[PDB]
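1. What shape does this take:
(9 chains)
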Amino acid sequence: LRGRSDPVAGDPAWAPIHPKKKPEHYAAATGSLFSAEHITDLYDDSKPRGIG
Amino acid sequence: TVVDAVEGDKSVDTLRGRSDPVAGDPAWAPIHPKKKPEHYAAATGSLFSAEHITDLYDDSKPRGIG
Amino acid sequence: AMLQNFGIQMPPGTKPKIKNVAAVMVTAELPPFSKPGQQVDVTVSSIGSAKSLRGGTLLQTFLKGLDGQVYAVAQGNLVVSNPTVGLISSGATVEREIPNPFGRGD
Amino acid sequence: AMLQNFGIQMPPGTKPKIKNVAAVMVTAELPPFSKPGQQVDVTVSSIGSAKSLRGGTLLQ
Amino acid sequence: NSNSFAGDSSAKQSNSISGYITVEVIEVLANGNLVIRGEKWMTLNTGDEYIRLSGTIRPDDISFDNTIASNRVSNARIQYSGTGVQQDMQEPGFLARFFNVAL
Amino acid sequence: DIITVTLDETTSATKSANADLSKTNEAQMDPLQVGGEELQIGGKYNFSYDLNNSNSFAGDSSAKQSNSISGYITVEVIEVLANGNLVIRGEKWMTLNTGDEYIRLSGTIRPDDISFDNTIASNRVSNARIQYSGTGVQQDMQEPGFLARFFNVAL
Amino acid sequence: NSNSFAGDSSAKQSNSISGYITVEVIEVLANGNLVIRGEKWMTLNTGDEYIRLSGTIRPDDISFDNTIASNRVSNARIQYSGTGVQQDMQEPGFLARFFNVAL
Amino acid sequence: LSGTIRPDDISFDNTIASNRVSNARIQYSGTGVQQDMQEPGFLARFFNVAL
Amino acid sequence: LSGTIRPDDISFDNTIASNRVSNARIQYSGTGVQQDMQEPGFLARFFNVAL
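-> Residues are numbered from 1 along each chain as shown, chains lettered A, B, ... in the order given. Dropping the coordinates below:
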């Protein structure tokens, strides 16, 4: 009798995506704490750049 | 089946005489830009690639698909 | 932003009133066959309105290549003579390798 | 724009108040049979209103 | 003799929305553009309202306080509506719909 | 970890549309008289006519919606995400004289948006779920019941 | 022809409490947060009223005079009510409750 | 909106006026029972095309 | 709009006045039932051409 279907809260089609966990560095391979995926630039503005 | 569970089934006009547009029409949907190929710096010994360099002073106007 | 990276976040609109900090541009040339762990010189040049860089200390800065990836990290003590350009003898530590076509071909 | 390329983006309408930076035009002549990896001279000439380019450093 | 004719037509349309909605990045494009999506539900006394926004944005348009205007969102889909018996009062139903499509 | 949320929401949306169509005709001619007599075509037809039309249409539609909430709600972190974002959740119950009211908030926030006094605005909460309602006979007066619901969905 | 439709809905809710309540720490959490709980009874002439508060607080939110705002209390449960024949006048009873739930 | 534009007409804030768009197609409309009230239907259309 | 123009008449902001367009053809009109209300039809046209 309504002709419409109400949305439901928590729909997976609109739910947020939790970001993928980055892999561990394993510093024992290189002897250094540098990892291209884990470094944080001190001066960056931290704009959104990835999922989540 | 051809219906996705997450998004769901996305699938009196004779008395109206008009057909309403649908949101998400491919005729009006945006085009995601093509992914550029990898440089393969091992061929030249340099990080320069004509398709990947970024000019520090350009205004970044729209210049490509997407 | 750097202070936020250490756990100190000032309220928005707060003026730091800093007088011992200057923004600079760091440039390094990566010699061929550069291996991780090696050190190269860096040139530090002021881009704001600092009167002198003499006696300064370069904080952690990431040096990017033409492809946008980080290949070195630069720190150290500046040696200036032009007081706004200084040099560091081993400022940048190489963190990544660039492949070479030297061993290919006949 | 250069600062945006490094992750620092000032709010619109912000005056940098820079005094150690000058805009220039860079010209190089490429000799014949020039191969990648070689180095050539460049002439740097100021196009704005900078009083002197002495002691400067040309950015990328 | 006296002949006379007069004929006119008109149309008008407007809308506006004001508020805030916080979304998250669901995909990063090849040029660095960010596809965003999110929803927001509020139950005040009785009845649930929702705001839903999806689209694509440039990181260059994100202001200093991590806020972007809604007119900067490409392929925008903005939905602000209710749910339940509260929304039942906003629609006429079959009876008036047939009369409106017939006349 | 305890984080305080300032409930400050205000949304407002309006829309409108209308159309008009109109047309009219009015052509009248008195019988032509030439030579002192009334001209006749055929055997019984004059040189006269009379036309009068009037068509008109008007149709409009409108809609409007707004809401606001003001107050405070203190929640706690229930999960830490990979990028450091914090998933928050909490409830708050108040029984003033008679009847219980509750406030419930859940969502995801950035630590960068938490102000100096450990307070974050409610419009900075991603995937927000805000619920402010009552309970019991007090809430029974806020709903019409089956009788009016059927009448409202039928008409 | 003439067709017309109009439909609206509305809701509103508010509350406030003002006063003081002194509680005590009943548990210390792993991060140093304090779970608090307490009650307060007042018999003025006739009839007993009570205030009850429970929740979790941060020691950082406790001001210099050993006072903390009620909006800083996590998982707050605030109850301010009466007792006895005084509270009997505040509720309608079965008769009006059935009429209110039926209509 | 669809059309063709010059990059020279794009202002500093990445915004271009709509009168600078070549081959412009601008459509602003509704959908559903709301749009049904904006059109007269067959009855008035025949009367309007006959008179 | 169609016509022929001189490049000398194009101003600095890449805009040219419409009175500088040679062999100009300017058409601004509607379409559909909206345009049906703007014309009288056969009945009034015959009366207007006869009287």
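2. How about chain E: which residue is closest to chain D?
-> Per CB to the nearest CB, residue E:64 is where chain E lies closest to chain D, at 5.1 Å. (C-beta placed from N, C-alpha, C; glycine too.)
3. Can you classify that residue as helix, strand or coil?
-> At residue E:64 the chain is in coil, as set by DSSP: H, G, I helix; E, B strand; the rest coil.
4. do the one 4 residues further on as well
-> At residue E:68 the chain is in coil, as set by three-state DSSP.
5. Need phi/psi at it.
-> The phi/psi pair for residue E:68 (degrees, to the nearest 10) reads phi -130, psi 140.
6. need the contact list for it.
-> By CB atoms under 8 Å, 6 or more residues apart in numbering or on different chains, residue E:68 lies in contact with E:57, E:61, E:62.
7. Please apply the same query to residue E:96.
-> Contacts of residue E:96 by CB under 8 Å, 6+ apart are G:3, G:5.
8. Now it. Its backbone dihedrals?
-> Main-chain torsions, residue E:96, degrees, to the nearest 10: phi -80, psi -30.
9. What of residue C:72?
-> The phi/psi pair for residue C:72 (degrees, to the nearest 10) is phi -150, psi 160.
10. does it really touch residue C:93, like I thought?
-> Yes - judged on CB atoms under 8 Å, residue C:72 makes contact with residue C:93 at a distance of 6.2 Å.
11. Those two: which has the busier surroundings?
-> residue C:72 (25 against 19; other CB atoms under 10 Å in any protein chain shown).
12. For beta bridges, what are the partners of that one?
-> residue C:63, residue C:94 (DSSP bridges).
13. What distance do you get for it to residue E:96?
-> Using CB to CB, to the nearest Å, we find residue C:72 at a distance of 72 Å from residue E:96.
14. Could you do residue E:78 as well?
-> Computed as CB to CB, the residue E:78 to residue E:96 distance reads 27 Å.
15. Residue C:101 too?
-> 77 Å.
16. Residue E:60 should be in a helix, yeah?
-> Yes - Residue E:60: assigned to a helix according to three-state DSSP.
17. still on that earlier bit, put together a markdown table for the contacts of residue E:68, with distance to chain I and neighbour count on each row.
-> Output for the contacts of residue E:68, formatted as a markdown table (distance: CB to the nearest CB, whole Å; neighbours: other CB atoms under 10 Å in any protein chain shown):
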| residue | distance to chain I | neighbour count |
| --- | --- | --- |
| E:57 | 29 | 22 |
| E:61 | 25 | 16 |
| E:62 | 30 | 18 |
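18. and chain A, which residues reach chain D?
-> Residues of chain A found near chain D (CB under 8 Å from any CB of the partner chain) are A:41, A:43, A:44, A:45, A:47.
19. what about 10 Å?
-> Near chain D, the residues belonging to chain A are A:41, A:42, A:43, A:44, A:45, A:46, A:47, A:49 when assessed by CB under 10 Å from any CB of the partner chain.
20. Tell me if I'm right that the second one and residue C:58 touch.
-> No - in terms of CB atoms under 10 Å, residue A:42 does not count as a neighbour of residue C:58; the distance is 11.7 Å.
21. quick one, which of the two is more surrounded?
-> The neighbour count for residue A:42 versus residue C:58, taken as other CB under 10 Å, is higher for residue C:58 (19 against 15).
22. Quick one: residues contacting that one.
-> C:24, C:26, C:42, C:44, C:74-78, C:86, C:88, C:91-92 (CB atoms under 10 Å, 6 or more residues apart in numbering or on different chains).
23. same thing with residue C:11?
-> By CB under 10 Å, 6+ apart, the contact list for residue C:11 reads F:115, F:116, F:117.
24. now swap in residue E:41 and tell me
-> Here residue E:41 is in contact with A:7-10, E:48-52, E:83, F:106, F:127-131 (criterion: CB under 10 Å, 6+ apart).
25. Can you name the residues that contact residue E:12?
-> Residue E:12 neighbours (CB under 10 Å, 6+ apart): F:16, F:17, F:18, F:19, F:20, F:60, H:38.
26. who does the second one bridge with?
-> In other words, residue F:17. Beta-bridge partners recorded for residue F:17 (DSSP bridges): residue E:13, residue F:61.
27. Closest residue of chain C to chain F?
-> Ranked by CB to the nearest CB, the top residue of chain C for proximity to chain F is residue C:11, at 5.1 Å.
28. what does chain C have sitting close to chain B?
-> When proximity is defined by CB under 10 Å from any CB, chain C lies next to chain B at C:30, C:32-33, C:64-69, C:71, C:98-102, C:104.
29. 6 Å instead?
-> Within chain C, the positions near chain B by CB under 6 Å from any CB of the partner chain are C:65, C:66, C:67, C:99, C:100, C:101.
30. Of the residues you listed, which qualify as buried by neighbour count?
-> For those, a burial check counting by 16 or more other CB atoms under 10 Å in any protein chain shown picks out C:65, C:67.
31. For the residues of chain C next to chain B, give me a markdown table that also has secondary structure and distance to residue A:30.
-> Putting the residues of chain C next to chain B into a markdown table (DSSP: H, G, I helix; E, B strand; the rest coil; distance: CB to CB, whole Å) gives the following:
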| residue | secondary structure | distance to residue A:30 |
| --- | --- | --- |
| C:65 | coil | 18 |
| C:66 | coil | 23 |
| C:67 | coil | 20 |
| C:99 | coil | 17 |
| C:100 | coil | 19 |
| C:101 | coil | 24 |
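32. between the residues of chain C next to chain B, which is nearest residue A:31?
-> Checking the residues of chain C next to chain B against residue A:31 with CB to CB, the nearest one is residue C:99 at 20.8 Å.
33. The closest one contacts residue B:44, doesn't it?
-> No - contact criterion CB atoms under 6 Å: residue C:99 and residue B:44 do not qualify, at 9.3 Å.
34. coming back round to it: neighbours of the residue of chain E closest to chain D, how many?
-> Using other CB under 10 Å: residue E:64 sits among 13 other residues.
35. Against chain F, how distant is it?
-> 12 Å (CB to the nearest CB, to the nearest Å).
36. sec struct for residue 42, please.
-> Since you didn't name a chain, this refers to chain A. coil.
37. Could you find the closest non-adjacent residue to it?
-> Closest residue to residue A:42 apart from its sequence neighbours, by CB to CB, 6 or more residues apart in numbering or on different chains: residue C:2 at 4.1 Å.
38. And that neighbour, how far from chain H?
-> From residue C:2 over to chain H the distance is 29 Å, taken as CB to the nearest CB.
39. Doesn't that residue belong to a helix?
-> No - counting by three-state DSSP, residue C:2 falls outside a helix, being coil.
40. residue contacts, the residue nearest the centre of chain A?
-> By CA atoms, centre = their mean, chain A has its centre lying nearest to residue A:19, at 2.5 Å. By CB atoms under 6 Å, 6 or more residues apart in numbering or on different chains, the contact list for residue A:19 reads A:51, A:52, F:82, F:83.
41. Quick one: neighbours of the second one, just the number.
-> The number of residues packed around residue A:52, counting by other CB under 10 Å, is 18.
42. same question, residue E:22
-> 24.
43. How about residue C:68?
-> Residue C:68 has 11 neighbouring residues, counting by other CB under 10 Å.
44. now residue C:49
-> 14.
45. do the same with residue E:9
-> Neighbour tally, residue E:9, other CB under 10 Å: 19.
46. cool, and residue A:23?
-> Neighbours of residue A:23 under the rule other CB under 10 Å: 9.
47. and if you look at residue A:18?
-> By other CB under 10 Å, 16 other residues sit near residue A:18.
48. what's the answer for residue C:25, then?
-> Count around residue C:25 with other CB under 10 Å applied: 18.
49. again, but for the one 4 residues further on
-> Counted with other CB under 10 Å, residues neighbouring residue C:29 total 10.
50. what's the nearest residue to it if we skip its chain neighbours?
-> Using CB to CB, 6+ apart and skipping the chain neighbours, the partner closest in space to residue C:29 is residue C:40 (6.8 Å).
51. List phi and psi for that neighbour.
-> phi -130, psi 160.
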